[PDB]
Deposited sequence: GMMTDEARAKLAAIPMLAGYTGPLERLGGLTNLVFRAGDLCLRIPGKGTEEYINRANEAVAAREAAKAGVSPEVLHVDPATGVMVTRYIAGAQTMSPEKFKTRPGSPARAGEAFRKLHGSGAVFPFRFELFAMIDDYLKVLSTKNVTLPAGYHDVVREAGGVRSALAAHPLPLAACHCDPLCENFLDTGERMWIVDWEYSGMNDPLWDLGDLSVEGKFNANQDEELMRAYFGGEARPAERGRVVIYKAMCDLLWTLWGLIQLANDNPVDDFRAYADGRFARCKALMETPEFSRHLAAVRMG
């Protein structure tokens, strides 16, 4: 049925029409993505924003970071991109397994942030956080929920203590969004793209890839063109924490709305506990103090 739904959409797209070969489903829950020949068909999943994605992906493509966007459907949101042969979809495991992969991720971000890409919307980290917090008012929440939120105020303040640079950021760099050839990474899924602190991307990937200290150095070194500095490193660590917090709160919202897409009472508890763990290390206050000090 899933494949038939997809082969229905082909009719529409002239460049895929009459493709009678095999259709391979490539990873992704919120986006159904099928490889048809040498092109990829992307179908939207039944709260996300497709107008943004279209503009974002085209800009990312122009910047040489995303695969070419060959077609968009203004009726359905359906998108045709070019398939990258001999490319590996990434994951935490492959980021430890494929030597140089973190560096290649840093090189991709570097190309992205350093590009002329212009994204229309501004990423609002604390707007979203406050939003989810209000909404709460209520499910059962994790131990130290209010501390982590209170302490996040200090983090916010540390980030507001100095002007931060603004770059065209991917904003949700899940491992699965990276396609690794041997020598370079491409990035896909630009639905959450926006102007943001470039180091949010680095922090997000790190937490999503379960990166160890070594991988983080390799990532930052490749990104910055030199060893990271204490203020830089501090921002990444800060976003590692805030990234988990953002999604933790989102996951609690899904648990209260009984979205049956997965075990939210679990997902939420995981990302929170990791976050809380990070914020409690004595290292974290040093990283915070380094961001505040600029």
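J.: Taking the deposited sequence as numbered from 1, list the residue ranges that were left without C-alpha coordinates.
T.: Counting from residue 1, the stretches without coordinates are 1, 48 to 51, 143 to 144.
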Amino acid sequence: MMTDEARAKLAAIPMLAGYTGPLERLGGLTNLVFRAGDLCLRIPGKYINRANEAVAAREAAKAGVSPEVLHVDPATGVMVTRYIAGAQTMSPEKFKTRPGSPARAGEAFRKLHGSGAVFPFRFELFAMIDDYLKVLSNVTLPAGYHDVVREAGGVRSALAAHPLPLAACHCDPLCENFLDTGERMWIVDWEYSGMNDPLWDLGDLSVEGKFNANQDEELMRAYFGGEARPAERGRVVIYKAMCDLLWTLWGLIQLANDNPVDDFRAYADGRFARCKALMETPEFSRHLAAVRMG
From here on, numbers count along this sequence of modelled residues.
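J.: Could you check which stretch, 109 to 117 or 138 to 146, carries the larger mean CA temperature factor in the entry?
T.: Going by the record's values, the stretch with the higher mean is 138 to 146.
J.: If you take the mean CA temperature factor per stretch, which one wins between 27 to 35 and 233 to 241?
T.: On average, C-alpha B-factors are higher across 27 to 35.
J.: Determine which member of 228, 57, 40, 48 has the highest CA B-factor, using the values in the deposited entry.
T.: Highest CA B-factor of the listed options: 48.
J.: Which one of 101, 196, 89, 76 shows the biggest C-alpha B-factor in the PDB entry?
T.: Going by the entry's C-alpha B-factors, 76 comes out highest.
J.: Can you work out whether the C-alpha temperature factor of residue 165 puts it in the lowest, middle or highest third of the chain?
T.: Lowest third - that is where residue 165 ends up once the chain's C-alpha B-factors are sorted.
J.: How does the C-alpha B factor of residue 172 compare with the rest of the chain: lowest, middle or highest third?
T.: Its C-alpha B-factor belongs to the middle third of this chain's values.
J.: Lowest, middle or highest third of the chain for the C-alpha temperature factor of residue 200?
T.: As the PDB entry reports it, the C-alpha B-factor of residue 200 lands in the lowest third of its chain.
J.: Within this chain, which third does the Cα B-factor at residue 70 fall in: lowest, middle or highest?
T.: Tercile = lowest for this residue's CA B-factor.
J.: Ordered by C-alpha B-factor within the chain, which third holds residue 151? Give me lowest, middle or highest, please.
T.: For residue 151, the deposited C-alpha B-factor lands in the highest third.
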